[PDB]
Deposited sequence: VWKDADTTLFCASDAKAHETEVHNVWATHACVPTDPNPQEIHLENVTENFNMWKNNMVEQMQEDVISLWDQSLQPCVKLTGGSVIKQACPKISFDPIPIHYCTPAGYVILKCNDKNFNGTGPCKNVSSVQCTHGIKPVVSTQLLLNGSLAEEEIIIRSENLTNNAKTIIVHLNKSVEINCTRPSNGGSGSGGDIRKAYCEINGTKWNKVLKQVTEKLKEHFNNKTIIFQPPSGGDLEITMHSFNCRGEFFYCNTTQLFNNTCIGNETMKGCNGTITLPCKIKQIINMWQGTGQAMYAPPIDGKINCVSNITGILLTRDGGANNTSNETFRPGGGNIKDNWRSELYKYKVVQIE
């Protein structure tokens, strides 16, 4: 017998003790080795309710990533609550590794295995595990990178689709690569991201059709963000320790619904911290070619309000709440107390 419960989780990883990469260093001191032969019990005739939007596992992972960034990514200058902190800001080795979240004795993790599970409601095909799958703490906005893919159809996730103030998580079932490079050999902060237009437009059209199913067959329109901070209006992410801000106007341009799409990007030293603190300034980019090839596995969308009396619904790429990023991977898990 069991019941829904919150408890202090621990983590597991395959981090290397000799590696200087900061995720490896953090996990070496904060996690245990993974289980090579993890047990999983599939529960027969069991119906369990899940709520990805109210899941303490998300808050706990958030706390890990914050602590990781606090120890690994201290800026030269920090601006918090009127205070000004000036510390050393050396260049680091940065590349996220998978992190497993696990329950202690007396508790287990219930895993929903329903193929098109949207994150809320009952789940039929439920299994029991001690640890989640390996989740890379990839911090980004607009586009979810290097995540897990949906098994069957593209999944739309929201705490309340009718509420346009609630973020929409689109879970892709097909990866689309994004190739971002700050070239080595005039503007050291100038960069770009290349994406195959054929793949992207094909996928975005599939997302369009899926959104129609959730919005009574209304016409789905994509538009670039209207306003706000650069972290939201642009696709922001971290590559090799460097913060990249990319213009995704070409990606959300309804007309193409075939060549290579080259997004204009820039490496920013001054950033609005995703931790919710204030602003921070980092050192200028390292020398040489800075390159990251990522899979786009999900999209964060915000729907416009005031469209009830029209046949259109307008969606714009958004984000900013990094907890939504962890939700996109933790949606199928919940902790129960074994009694």
Report the unmodelled segments of the deposited sequence as residue ranges counted from 1.
186 to 191, 264 to 271
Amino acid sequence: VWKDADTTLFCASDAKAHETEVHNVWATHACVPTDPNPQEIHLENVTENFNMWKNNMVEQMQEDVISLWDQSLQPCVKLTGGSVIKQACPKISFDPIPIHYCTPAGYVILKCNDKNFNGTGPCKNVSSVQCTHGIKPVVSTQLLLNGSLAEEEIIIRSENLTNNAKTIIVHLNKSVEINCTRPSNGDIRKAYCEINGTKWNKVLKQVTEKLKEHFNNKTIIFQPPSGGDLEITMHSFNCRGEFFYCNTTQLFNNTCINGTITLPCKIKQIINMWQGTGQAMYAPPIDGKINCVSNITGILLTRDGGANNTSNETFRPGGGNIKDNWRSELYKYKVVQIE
From here on, numbers count along this sequence of modelled residues.
225 to 233 versus 151 to 159 - which carries the larger mean C-alpha B factor in the record:
225 to 233
Using the B-factors recorded in the PDB entry, average over the C-alpha atoms of 272 to 280 and of 292 to 300, then report which stretch comes out higher.
272 to 280
Highest recorded Cα temperature factor - choice among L73, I109, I135, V207
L73
I'd like to know which of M61, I286, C31, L68 has the highest C-alpha temperature factor in the PDB entry.
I286
Classify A27 as lowest, middle or highest third according to the C-alpha B-factor given in the PDB entry, relative to its own chain.
middle
According to the PDB entry, is the CA B factor of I220 in the bottom, middle or top third of its chain, that is, lowest, middle or highest?
lowest
Which third, lowest, middle or highest, does the C-alpha temperature factor of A105 belong to within its own chain?
highest
Where does the C-alpha B-factor of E19 rank in its chain, lowest, middle or highest third?
highest
Please rank the C-alpha B-factors of the chain's modelled residues and tell me whether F252 sits in the lowest, middle or highest third.
highest
